[PDB]
Structures are given as C-alpha cells and as structure tokens.
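Report on the following structure.
There are 4 protein chains.
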Amino acid sequence: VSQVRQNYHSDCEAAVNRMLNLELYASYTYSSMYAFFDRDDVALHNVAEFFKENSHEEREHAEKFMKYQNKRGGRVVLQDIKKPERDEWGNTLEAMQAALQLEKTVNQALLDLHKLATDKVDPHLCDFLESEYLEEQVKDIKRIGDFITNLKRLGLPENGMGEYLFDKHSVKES
Amino acid sequence: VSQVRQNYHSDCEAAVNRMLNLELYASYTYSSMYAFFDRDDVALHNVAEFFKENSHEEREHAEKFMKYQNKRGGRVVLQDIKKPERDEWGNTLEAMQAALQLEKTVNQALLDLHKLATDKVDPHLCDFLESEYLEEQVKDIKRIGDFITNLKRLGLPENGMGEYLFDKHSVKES
Amino acid sequence: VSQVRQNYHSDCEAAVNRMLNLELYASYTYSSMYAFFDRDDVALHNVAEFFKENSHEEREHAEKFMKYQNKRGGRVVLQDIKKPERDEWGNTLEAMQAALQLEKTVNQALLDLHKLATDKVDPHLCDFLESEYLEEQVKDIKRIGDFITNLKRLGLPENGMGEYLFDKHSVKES
Amino acid sequence: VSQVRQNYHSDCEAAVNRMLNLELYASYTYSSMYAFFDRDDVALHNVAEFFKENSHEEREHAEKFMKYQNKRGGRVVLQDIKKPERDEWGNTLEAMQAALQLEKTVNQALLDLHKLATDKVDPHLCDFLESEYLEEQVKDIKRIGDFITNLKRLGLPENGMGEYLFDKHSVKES
Ligand SMILES: [Cl-]
Ligand SMILES: [Cl-]
Ligand SMILES: [Cl-]
Ligand SMILES: [Cl-]
Ligand SMILES: [Cl-]
Ligand SMILES: [Cl-]
Ligand SMILES: [Cl-]
Ligand SMILES: [Cl-]
Ligand SMILES: [Cl-]
Ligand SMILES: [Cl-]
Ligand SMILES: [Cl-]
Ligand SMILES: [Cl-]
Ligand SMILES: [Cl-]
Ligand SMILES: [Cl-]
Ligand SMILES: [Cl-]
Ligand SMILES: [Cl-]
Ligand SMILES: [Cl-]
Ligand SMILES: [Cl-]
Ligand SMILES: [Cl-]
Ligand SMILES: [Cl-]
Ligand SMILES: [Cl-]
Ligand SMILES: [Cl-]
Ligand SMILES: [Cl-]
Ligand SMILES: [Cl-]
Ligand SMILES: [Cl-]
Ligand SMILES: [Cl-]
Ligand SMILES: [Cl-]
Ligand SMILES: [Cl-]
Ligand SMILES: [Cl-]
Ligand SMILES: [Cl-]
Ligand SMILES: [Cl-]
Ligand SMILES: [Cl-]
Ligand SMILES: [Cl-]
Ligand SMILES: [Cl-]
Ligand SMILES: [Cl-]
Ligand SMILES: [Cl-]
Ligand SMILES: [Cl-]
Ligand SMILES: [Cl-]
Ligand SMILES: [Cl-]
Ligand SMILES: [Cl-]
Ligand SMILES: [Mg+2]
Ligand SMILES: [Mg+2]
Ligand SMILES: [Mg+2]
Ligand SMILES: [Mg+2]
Ligand SMILES: [Mg+2]
Ligand SMILES: [Mg+2]
Ligand SMILES: [Mg+2]
Ligand SMILES: [Mg+2]
Ligand SMILES: [Mg+2]
Ligand SMILES: [Mg+2]
Ligand SMILES: [Mg+2]
Ligand SMILES: [Mg+2]
Ligand SMILES: [Mg+2]
Ligand SMILES: [Mg+2]
Ligand SMILES: [Mg+2]
Ligand SMILES: [Mg+2]
Ligand SMILES: [Mg+2]
Ligand SMILES: [Mg+2]
Ligand SMILES: [Mg+2]
Ligand SMILES: [Mg+2]
Ligand SMILES: [Mg+2]
Ligand SMILES: [Mg+2]
Ligand SMILES: [Mg+2]
Ligand SMILES: [Mg+2]
Ligand SMILES: [Mg+2]
Ligand SMILES: [Mg+2]
Ligand SMILES: [Mg+2]
Ligand SMILES: [Mg+2]
Ligand SMILES: [Mg+2]
Ligand SMILES: [Mg+2]
Ligand SMILES: [Mg+2]
Ligand SMILES: [Mg+2]
Ligand SMILES: [Mg+2]
Ligand SMILES: [Mg+2]
Ligand SMILES: [Mg+2]
Ligand SMILES: [Mg+2]
Ligand SMILES: [Mg+2]
Ligand SMILES: [Mg+2]
Ligand SMILES: [Mg+2]
Ligand SMILES: [Mg+2]
Ligand SMILES: [Mg+2]
Ligand SMILES: [Mg+2]
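Protein chains in written order, with full-length UniProt numbering: chain A, 2 to 175; chain B, 2 to 175; chain C, 2 to 175; chain D, 2 to 175.
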C-alpha cells in the first residue's frame with residue numbers, strides 16, 4: 002500500500018487509468034483532424050489550428066490524471082493509444098460532428114467515473130472531476146454544437162464558400 | 002434558533018466544533034516540532050521553519066471553521082487544546098512520519114465530516130470541505146510522503162550527512 | 002497525385018509516417034518515466050520534469066513530421082502508439098540507460114530515413130533531417146551519456162544520497 | 002583561373018548562370034501578373050500585390066546567384082530575360098495555376114542543379130541550394146496549392162463573389 006493512500010478504491014484507481022487512456026485517444030483523434038485540414042487539398046488552416054490546440058489540451062487532461070493518480074497513491078498504468086477511427090475527415094462539418102461525438106464520449110466516461118467515485122464515497126475524486134473536467138466538457142460541447150449549427154446554416158457540405166467563410170470567421174485566426 | 006440558520010443540522014454544528022479543535026491540536030503539534038528542530042542540539046533550521054509555517058496554516062484552518070460556524074448560525078464551542086503526543090521528535094524522519102500520520106488523522110476527520118454533511122443533505126458544507134480542505138490535505142500528504150521517501154534514500158536515521166542535505170535542499174531556505 | 006508533389010518517393014512518404022509513429026512512441030515512453038519519478042515512493046521531481054519536457058519535445062518532433070508530410074504532398078497515416086516497454090523504471094540510472102537506448106533507436110531510424118532519402122535523390126528530405134533532427138539527437142545522446150557517467154560516479158544504484166544529489170544538481174530545478 | 006576558385010566545375014558555373022536567368026524569368030512573369038490584377042477591369046489589388054512581392058523575391062534569388070558565382074570565382078554571364086508566356090492571366094485561379102507550374106519549373110531546375118553539384122562533388126553548392134533555395138520552394142509550392150484548393154472551393158472561375166472574397170481573406174491586405 003502507498004504511504005499516502007487514503008480513501009482511494011482500487012476500482013477508482015483503475016478507472017482513472019482508463020480515463021487517462023481515453024484522453025490520450027481524444028488527443029490523437031484531434032491530431033489526425035489537424036493533419037487533415039493542413040493537407041494541400043483541404044487547406045482550412047484556422048480549422049486545422051483549432052483541432053491542433055484541442056489535441057494539446059486533451060494531452061494536458063491526460064497528464065493531469067497522471068498527476069492525480071500519484072497524488073492519491075495509485076499507480077499509472079499505460080495502454081496503447083489506439084489510432085483514430087478515420088484516416089480522413091471529409092470536411093469541416095463531418096469533422097465537427099465527429100468532434101461532438103468524441104466530446105460526448107469523453108463526457109460520458111467522466112460522468113461514469115463520477116458515479117463510481119460517488120459509489121465508493123470519494124469526495125476528493127468527485128471534486129476533482131467537477132472542478133477540473135465536467136464544466137470544461139459542457140462548454141466545449143456547446144462550442145462544437147454552435148459550430149455545427151453554423152456549418153449547416155452556411156450550406157455544408159455542398160457550399161464551399163460557406164466552408165471558406167466558417168474558417169475565416171468562426172474559429173480564431175492562426 | 003439563529004435568524005440566519007437554514008439547513009444546518011445540530012450534528013454538523015457539533016462536528017465543526019470538534020474539527021476546529023483538531024485543527025488547533027495539529028497546529029500545536031507542528032509548533033512543538035518547530036521548537037524541537039530549533040534546539041541547539043538539533044539545529045535543522047529549514048526543517049524547523051517548515052513546521053512553524055505548517056503550525057500557522059493549521060491555525061488559519063481552525064479560524065476558517067470559526068467563521069464558517071458563524072456564517073451558518075452555529076455557535077463556536079471551544080475545548081482545551083491537548084498538548085502534542087511527544088515532547089521530543091527524534092530526528093527529521095521520525096518527525097515527518099508523525100506529520101504524515103497527523104495529516105491522515107486530520108484528513109480522516111474531514112472525510113468523516115463530509116459523510117455527515119452528505120447524510121444531513123448539506124451541500125454548502127460538502128462544498129466548503131471539498132473547496133477549502135480536502136485537496137489541500139491530499140497535496141500536503143503527498144508532499145510529506147515524498148519527503149519520507151527522500152529521507153529514507155538519504156539514509157536516515159543513521160546518515161547525519163543525509164539529514165543535513167535534506168534540510169539544505171528539500172525544504173525551502175529560511 | 003497531390004498538386005504540390007514533386008520528387009517525393011512513395012517509400013519516403015511511408016518511412017516518414019513510420020518515423021512519426023516512433024517519435025510518438027518515444028514521447029509516450031518519456032511520459033511514463035515522468036509519472037514514475039513523480040510517484041510518492043520515488044519522488045525525484047527534477048528527474049520527473051526532465052522526462053516530462055522530453056515527452057513534449059518528442060511530440061513536437063512528431064507534429065513537425067506531420068507538417069512535413071503535408072508540405073511535400075504525402076498523406077499522414079497514423080498507427081497505434083504502443084505503450085512503453087516497462088511500467089516501472091527502477092531508478093534514475095536504469096531510466097537514463099533506457100533513455101540512451103531510446104535516443105539511439107530514434108537516431109538509427111533517422112539515419113535510415115536519410116539513407117532512403119539519399120537513395121531516392123531527395124535533397125529536401127536530407128536537408129530536413131540534417132537541419133531539424135540529426136544534430137538534436139547527437140546533442141541529446143551526449144547529454145544522457147554524461148548523465149549516466151555521473152550517476153555511476155555517484156554510486157547508483159546503491160547510493161541513495163548520490164541519486165538525491167543528481168536530482169538537485171545535474172538536472173534543471175523545476 | 003580565378004585566384005579564389007577551388008572545387009568549382011565549369012558545368013556548375015554554367016548551370017548557375019542558367020538558373021540565374023530562370024529566376025529573372027520567374028520575376029518577370031510575376032511582374033506581368035501584378036500588372037494584370039492592377040488593371041481597372043480586373044481590380045484585385047491584394048492578389049496584384051502578392052504577385053508584385055513574389056516578383057521582388059525572385060529578383061533577390063537571381064542576385065544571390067550572382068553573388069554566389071563571384072564568391073566561387075565563376076563569371077556571371079547574362080542572357081535575355083524572355084517575356085512571360087501570356088500577356089493576360091484570365092483570373093485568380095488561372096494565374097495561381099500558372100504560378101504553381103512556374104514554381105515547380107524553378108524547383109525542378111534547382112533539383113537538377115543539386116544533382117549536378119552532387120555529381121561534381123561540390124558540397125558547398127549542395128549546401129547553398131539546400132539552405133537558401135529548396136525549402137523556400139517547397140513552402141511556396143504548398144502555399145500556392147492551398148490557394149488553388151480554396152479558389153476551387155470558392156467556385157472559380159464562375160463565382161465572382163468567391164474571387165472577391167479570396168482577395169479579401171486569403172492574401173495579405175495591401
Ligand atoms: Cl485506500
Ligand atoms: Cl473514509
Ligand atoms: Cl480498494
Ligand atoms: Cl489499470
Ligand atoms: Cl485491442
Ligand atoms: Cl477513413
Ligand atoms: Cl466517439
Ligand atoms: Cl471544469
Ligand atoms: Cl451549395
Ligand atoms: Cl466576409
Ligand atoms: Cl472581415
Ligand atoms: Cl437549520
Ligand atoms: Cl433543505
Ligand atoms: Cl438540527
Ligand atoms: Cl460542540
Ligand atoms: Cl480529556
Ligand atoms: Cl517524548
Ligand atoms: Cl495522528
Ligand atoms: Cl482544498
Ligand atoms: Cl550511515
Ligand atoms: Cl550539495
Ligand atoms: Cl547548492
Ligand atoms: Cl513525386
Ligand atoms: Cl528530381
Ligand atoms: Cl513514388
Ligand atoms: Cl504509411
Ligand atoms: Cl502490433
Ligand atoms: Cl515493468
Ligand atoms: Cl529503445
Ligand atoms: Cl538538428
Ligand atoms: Cl552505496
Ligand atoms: Cl576549380
Ligand atoms: Cl575537392
Ligand atoms: Cl572544370
Ligand atoms: Cl554560361
Ligand atoms: Cl531564343
Ligand atoms: Cl495571352
Ligand atoms: Cl512554367
Ligand atoms: Cl531554403
Ligand atoms: Cl457561380
Ligand atoms: Mg512503503
Ligand atoms: Mg487495484
Ligand atoms: Mg478506453
Ligand atoms: Mg479531455
Ligand atoms: Mg487497431
Ligand atoms: Mg468550476
Ligand atoms: Mg477552454
Ligand atoms: Mg476542449
Ligand atoms: Mg460561444
Ligand atoms: Mg458546392
Ligand atoms: Mg434572534
Ligand atoms: Mg446542537
Ligand atoms: Mg478531537
Ligand atoms: Mg488543517
Ligand atoms: Mg493530558
Ligand atoms: Mg479546489
Ligand atoms: Mg499549501
Ligand atoms: Mg499543510
Ligand atoms: Mg512536490
Ligand atoms: Mg551516523
Ligand atoms: Mg487534385
Ligand atoms: Mg505510397
Ligand atoms: Mg515503428
Ligand atoms: Mg524525437
Ligand atoms: Mg502490446
Ligand atoms: Mg548532403
Ligand atoms: Mg545543410
Ligand atoms: Mg544545424
Ligand atoms: Mg534541446
Ligand atoms: Mg531530446
Ligand atoms: Mg553538457
Ligand atoms: Mg543504499
Ligand atoms: Mg589572376
Ligand atoms: Mg566554363
Ligand atoms: Mg533557361
Ligand atoms: Mg526563385
Ligand atoms: Mg520571344
Ligand atoms: Mg533550411
Ligand atoms: Mg517566404
Ligand atoms: Mg516565392
Ligand atoms: Mg499556410
Ligand atoms: Mg459568375
């Protein structure tokens with residue numbers, strides 16, 4: 002038993018390792034979307050940079066779980082980071098639809114981890130999830146939903162001028 | 002009944018007074034460790050100052066419970082602050098082992114108070130403990146565990162040079 | 002064929018994707034070493050931070066290959082990022098020995114990619130490797146070799162005081 | 002023989018003069034595109050300025066070959082600068098397609114000069130091309146490819162609003 006460990010269930014320790022892996026998986030998916038929008042035959046550089054920044058934030062989310070695991074006296078166990086589900090992402094609308102689903106998958110895993118922490122009476126882990134993960138997920142889901150609504154209004158997938166304008170006006174200039 | 006009181010169970014009020022006392026007890030134990038490491042025949046001044054600062058922080062933790070009690074309309078009831086369990090603390094390793102156990106005793110009391118607040122459906126008290134006490138405890142337990150690991154690596158209790166080096170490099174220069 | 006593609010052999014495109022994967026693998030190994038040295042029962046925080054920074058630099062190396070692939074008109078193809086070879090890294094000497102071998106594995110792959118680029122008469126890819134990767138590898142191998150020499154001089158693995166001193170004096174304060 | 006000449010083959014000297022001429026030809030073509038987009042019946046001033054700046058950069062590329070020739074002890078020999086292939090450039094898409102082909106013609110000549118320098122065992126000339134010309138060509142080809150992809154998305158040649166928007170958002174405001 003780690004000398005620091007107190008009120009930290011083995012099941013929560015394992016679930017934190019699985020959550021860590023899912024954050025790395027989400028990072029890698031966003032890396033793939035960055036590389037796709039940087040292609041010469043796609044060439045939507047502000048969209049590409051949005052996904053690159055998301056990739057970096059998800060890696061930071063994973064590192065924060067590593068630090069958390071060690072603070073509680075659990076032991077980080079790593080698994081392979083699976084490659085993303087697609088090699089090419091169609092267009093900005095298809096990519097944003099995939100991002101929305103990814104963010105809701107990550108959110109569901111965080112909510113499931115909160116349920117487990119509640120069941121094991123771990124208020125520190127509950128607070129960590131509520132204070133560091135759950136609100137950022139709601140905000141990032143809302144942002145992507147707003148983007149999808151605007152891509153549909155702009156006539157995606159058919160309206161190339163609409164796609165061009167989204168990249169200029171909806172995502173930060175990079 | 003206090004005019005401000007709302008959703009504040011008598012049992013939680015009493016448990017806050019007991020928690021207040023335990024914070025003052027923890028403060029006093031750290032005061033004792035400060036005075037020990039300041040002795041001419043101990044003379045580890047950065048270690049002494051680490052414990053002095055901890056003593057001040059635990060007193061602040063107690064004062065925050067006094068303020069909390071009054072905000073909720075409970076009534077502060079003080080009891081004697083018991084003297085520490087030891088008059089002398091051996092060496093840096095023995096003192097840090099005692100500090101780890103003290104921090105885990107305080108943490109267990111905070112977790113038990115959270116259980117009571119949960120049972121009495123007091124989300125304000127739950128939030129107060131999660132936001133003001135529980136993460137600071139996990140961080141301070143991790144810090145002391147890290148110190149104990151390093152004191153063991155440095156050959157305590159036998160290796161006086163190791164003890165000297167810990168005071169120079171592991172705790173803040175004071 | 003990509004409209005930008007010129008003098009870019011399919012074999013080099015594929016080898017760049019494999020090199021990208023190896024950089025991500027190296028990043029992940031360094032992440033594992035960071036988490037290990039951050040454990041409460043290891044607690045060498047400057048060593049941990051050295052490996053964390055290396056993890057970030059290797060991820061940047063991977064991203065630079067993604068950008069390169071797209072500049073040449075190749076297509077990024079991602080594969081799983083395999084978990085590191087170990088779950089625990091022993092001590093600073095064992096970890097640095099593993100880091101030296103990892104850096105020489107990455108260097109050999111870069112040298113093999115340079116051989117392929119030379120065979121396919123691709124001076125742009127040769128210059129990219131020489132200007133962005135090969136000297137950084139020689140410098141980072143030299144740094145790790147110097148560290149191993151010093152860890153041996155400090156009596157690793159047995160001399161815990163030597164290990165403590167390496168973390169204070171050989172790696173940057175973090 | 003020039004007193005400075007060392008390891009500089011007559012064939013490389015002649016090929017540097019031909020490359021100089023091609024840079025001046027590329028400059029002149031971009032000058033023509035500037036003047037076309039500045040016409041009152043074309044009037045895409047940011048596109049015009051993009052091509053004007055490219056014209057200046059290609060002239061600088063030529064001057065750098067003149068300086069190189071003299072540094073090695075070769076003798077600059079100038080030939081006529083041929084007028085561009087067209088007197089009018091259609092629209093932004095046709096001009097960018099012509100620019101892509103021009104940049105790939107210049108790139109092929111630079112790669113052919115690198116082959117010759119390699120055959121004549123001239124590492125100074127190889128380094129000069131790799132360090133001063135080949136990466137700038139890959140970057141400028143990628144930029145023009147990205148532009149063509151966006152002009153197609155914006156509905157060129159038929160979509161005049163798309164052409165107008167490209168000039169406002171894709172090229173620098175001038
Ligand atoms: Cl536990
Ligand atoms: Cl408990
Ligand atoms: Cl358990
Ligand atoms: Cl696990
Ligand atoms: Cl699997
Ligand atoms: Cl796919
Ligand atoms: Cl998903
Ligand atoms: Cl949050
Ligand atoms: Cl449409
Ligand atoms: Cl607009
Ligand atoms: Cl605007
Ligand atoms: Cl009440
Ligand atoms: Cl109520
Ligand atoms: Cl009551
Ligand atoms: Cl009481
Ligand atoms: Cl008593
Ligand atoms: Cl005693
Ligand atoms: Cl205790
Ligand atoms: Cl806290
Ligand atoms: Cl000893
Ligand atoms: Cl020292
Ligand atoms: Cl020092
Ligand atoms: Cl090719
Ligand atoms: Cl070629
Ligand atoms: Cl090929
Ligand atoms: Cl591949
Ligand atoms: Cl495999
Ligand atoms: Cl292992
Ligand atoms: Cl290896
Ligand atoms: Cl380098
Ligand atoms: Cl020893
Ligand atoms: Cl010569
Ligand atoms: Cl020679
Ligand atoms: Cl000659
Ligand atoms: Cl000539
Ligand atoms: Cl002629
Ligand atoms: Cl014409
Ligand atoms: Cl041409
Ligand atoms: Cl260059
Ligand atoms: Cl149209
Ligand atoms: Mg132990
Ligand atoms: Mg377990
Ligand atoms: Mg999973
Ligand atoms: Mg995340
Ligand atoms: Mg698979
Ligand atoms: Mg919050
Ligand atoms: Mg954010
Ligand atoms: Mg996000
Ligand atoms: Mg918004
Ligand atoms: Mg369309
Ligand atoms: Mg009253
Ligand atoms: Mg009462
Ligand atoms: Mg008590
Ligand atoms: Mg306290
Ligand atoms: Mg007594
Ligand atoms: Mg907090
Ligand atoms: Mg603190
Ligand atoms: Mg404390
Ligand atoms: Mg620390
Ligand atoms: Mg001794
Ligand atoms: Mg095409
Ligand atoms: Mg191929
Ligand atoms: Mg591989
Ligand atoms: Mg690398
Ligand atoms: Mg495996
Ligand atoms: Mg070379
Ligand atoms: Mg070079
Ligand atoms: Mg260099
Ligand atoms: Mg460096
Ligand atoms: Mg490195
Ligand atoms: Mg050095
Ligand atoms: Mg030993
Ligand atoms: Mg002479
Ligand atoms: Mg001659
Ligand atoms: Mg010519
Ligand atoms: Mg040129
Ligand atoms: Mg003629
Ligand atoms: Mg360069
Ligand atoms: Mg430039
Ligand atoms: Mg150019
Ligand atoms: Mg660009
Ligand atoms: Mg029209």
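We treat Cβ as the ideally placed atom computed from N, Cα and C, and that holds for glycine.
Beta carbon nearer than 6 Å to a non-hydrogen atom of ligand 12: B:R6, B:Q7, B:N8, B:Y9
Cβ-based burial, D:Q7 [other Cβ within 10 Å; buried from 16]: Your numbering for residue 7 of chain D matches position 6 in the fourth sequence. Result: exposed.
Pocket of ligand 82 (residues with CB nearer than 7 Å to any heavy atom), chain order: D:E159, D:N160, D:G161
Less than 8 Å between the CB atoms is what I'm expecting for D:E59 and D:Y31, so what's the real figure, rounded? Taking the fourth sequence and counting its residues from 1, one reaches residue 59 of chain D at position 58. Taking the fourth sequence and counting its residues from 1, one reaches residue 31 of chain D at position 30. Indeed, because the Cβ distance is near 6 Å, the residues count as touching under 8 Å.
C:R154: buried (16+ other C-beta within 10 angstroms of its C-beta) or exposed? The residue you call residue 154 of chain C lines up with position 153 of the third sequence. C:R154 is exposed by the Cβ-count criterion.
Out of A:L135, A:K169, A:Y134, which one is the CA nearest neighbour of A:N151? Counting from one through the first sequence, the residue named residue 151 of chain A turns up at place 150. Nearest option by C-alpha distance: A:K169.
Check whether the Cβ of A:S11 lies closer than 7 Å to any heavy atom of ligand 42, and answer yes or no. Here residue 11 of chain A corresponds to residue number 10 of the first sequence, with the count starting at 1. Correct: A:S11 has its Cβ closer than 7 Å to ligand 42.
Secondary structure, alpha helix (DSSP H): runs of 4+ residues fully inside the region 131 to 156 of chain B: 136 to 154
Under 7 Å Cβ to Cβ from A:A63, same chain only, skipping five residues before and after it: list those, please. Here the question's residue 63 of chain A lines up with position 62 in the first sequence. Answer for A:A63: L21, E24, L25, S28, listed in chain order.
Using a Cβ-Cβ cut-off of less than 7 Å, list which residues of the region 143 to 155 of chain D approach chain A; keep chain order. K143, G146, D147, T150, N151, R154, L155
Test: D:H125 CB closer than 8 Å to a CB of chain A: On the fourth sequence, residue 125 of chain D is found 124 positions in, with the first residue counted as 1. With 8 Å as the cut-off, D:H125 does not count as an interface residue toward chain A.
Enumerate in chain order the residues of its own chain whose CB-to-CB distance from C:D123 is below 8 Å, with the five nearest sequence positions on each side excluded. Counting from one through the third sequence, the residue named residue 123 of chain C turns up at place 122. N8, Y9, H10, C13, listed in sequence order.
Does the beta carbon of C:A36 come closer than 8 Å to any beta carbon on chain B? Your numbering for residue 36 of chain C matches position 35 in the third sequence. By this cut-off, C:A36 is not an interface position.
For A:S3 and A:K65, the rounded distance between their alpha carbons: Translated into positions along the first sequence, residue 65 of chain A becomes position 64. Translated into positions along the first sequence, residue 3 of chain A becomes position 2. Each residue's alpha carbon lies about 19 Å from the other.
Determine which residues share a DSSP beta bridge with D:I82 and list them. Taking the first residue of the fourth sequence as 1, we reach residue 82 of chain D at position 81. For D:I82, which the question treats as bridged, DSSP gives no partner whatsoever.
For the alpha helix (DSSP H) that contains A:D113, what are its first and last residues? The residue labelled residue 113 of chain A in the question sits at position 112 within the first sequence. Run containing A:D113: 93 to 120, per the alpha helix (DSSP H) assignment.
Three Cβ pairs or more, each shorter than 8 Å: is that satisfied between the region 156 to 174 of chain B and the region 78 to 98 of chain B? yes
Chain C contact residues for D:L135, given Cβ-Cβ distances below 7 Å: On the fourth sequence, position 134 is the one that residue 135 of chain D refers to. Near D:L135 (Cβ distances below 7 Å), the residues of chain C are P124, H125, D128.
Shortest alpha-carbon distance to B:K84 belongs to which of B:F37, B:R73, B:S33? Counting from one through the second sequence, the residue named residue 84 of chain B turns up at place 83. The shortest C-alpha separation from B:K84 is found at B:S33.
Can you find a heavy atom of ligand 35 that lies under 7 Å from the Cβ of D:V78? Position 77 of the fourth sequence, counting from 1, holds the residue named residue 78 of chain D. For ligand 35, at least one heavy atom lies less than 7 Å from the Cβ of D:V78.
Alpha-carbon to alpha-carbon, D:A44 and residue 238 of chain D: Nothing about residue 238 of chain D can be reported from this structure: the residues present for chain D run from 2 to 175 only.
Segment contact flag, the region 127 to 146 of chain C with the region 98 to 107 of chain C, C-beta cutoff 8 Å, min 3 pairs: yes
Cα-Cα separation between A:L79 and C:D88, rounded to whole angstroms: Translated into the one-based positions of the first sequence, residue 79 of chain A becomes position 78. Translated into the one-based positions of the third sequence, residue 88 of chain C becomes position 87. Cα-Cα distance, rounded: 7 Å.
Taking C-beta to C-beta, are D:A16 and D:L111 nearer than 8 Å? Indexing the fourth sequence from 1 puts residue 16 of chain D at position 15. Indexing the fourth sequence from 1 puts residue 111 of chain D at position 110. For D:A16 and D:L111, no; Cβs fall outside 8 Å.
Could you tell me the alpha carbon to alpha carbon distance between D:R76 and D:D128, rounded to whole angstroms? Position 75 of the fourth sequence holds residue 76 of chain D. Position 127 of the fourth sequence holds residue 128 of chain D. C-alpha separation (whole angstroms): 20 Å.
Tell me which same chain residues have a C-beta within less than 8 Å of the C-beta of B:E50, skipping the five on either side of it? Here residue 50 of chain B refers to the residue found at position 49 of the second sequence. The residues are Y35, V172, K173, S175.
What is the DSSP secondary structure of C:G75, reduced to helix, strand or coil? Working through the third sequence from its first residue, we reach residue 75 of chain C at position 74. In this structure, C:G75 counts as coil in the three-state DSSP scheme.
Determine whether the Cβ of C:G161 lies closer than 8 Å to any Cβ atom of chain A. Counting from 1 along the third sequence, the entry for residue 161 of chain C is found at position 160. Chain A, which has no Cβ nearer than 8 Å to the Cβ of C:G161, makes this no.
Between the Cα of D:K68 and those of D:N18, D:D147, D:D120, spot the shortest distance and give me the residue it belongs to. In the fourth sequence, residue 68 of chain D corresponds to position 67, counting from 1. D:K68 has its Cα closest to that of D:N18, out of D:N18, D:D147, D:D120.
With a threshold of 6 Å on Cβ separation, who are the neighbours of B:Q70 within its own chain once the five nearest residues in sequence on each side are excluded? Indexing the second sequence from 1 puts residue 70 of chain B at position 69. Closer than 6 Å at the Cβ level, and outside the excluded window around B:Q70, lie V17, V77.
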